[PDB]
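This document starts with one chain, in the form deposited in one PDB entry, laid out as structure tokens.
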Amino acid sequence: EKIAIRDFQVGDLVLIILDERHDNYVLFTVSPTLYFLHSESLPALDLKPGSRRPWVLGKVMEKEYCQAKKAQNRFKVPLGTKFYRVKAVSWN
């Protein structure tokens, strides 16, 4: 198995990393688009909400495309930003 870096599909192995700027876990990607880890997947990956672990390997599951409708939001992106929210489970 190899780590996907863009165009994420169900079942892809991915590297989930702590993004300091957004203080949220995101998928490691070469895409300009943000792929945020769904908050419900934190326990699935043994991660804590916000010392935090810098990365973990996971497997892509459900994915949703989103747009920020408010200027200040939980993803810490500007108003109008389009991004993904991805669920993931532990590898193996």
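Each residue number is its position in the shown sequence, starting from 1.
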Next item on the list: Tell whether, across the other compared PDB entries, at least a third have no coordinates for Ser31.
Entry: no
- Among the other PDB entries compared that flank it on both sides, is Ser51 unmodelled in a third or more? yes
For the neighbouring pair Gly50 and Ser51, the stretch of deposited sequence with no coordinates amounts to 4 to 9
With B-factors read from the PDB entry, the higher C-alpha mean of 5-13 and 19-27 is in 19-27
Comparing 56-64 with 41-49, the higher average Cα temperature factor in the PDB entry belongs to 41-49
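One more form of this protein exists, namely the form deposited with a partner chain bound; it is left out here, but the text below deals with it.
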Is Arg21 a contact residue for its partner chain in the entry with it bound, using a 4.5 Å heavy atom cut-off? no
Point to revise | Contact flag, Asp46 vs its partner chain in the entry with it bound, heavy atom cut 4.5 Å | key: no
Note to self: At 4.5 Å between heavy atoms, is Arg53 in contact with its partner chain in the entry with it bound?
What the structure shows: no
Q. Would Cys66 count as a contact of its partner chain in the entry with it bound, using a 4.5 angstroms cut-off between non-hydrogen atoms?
A. yes
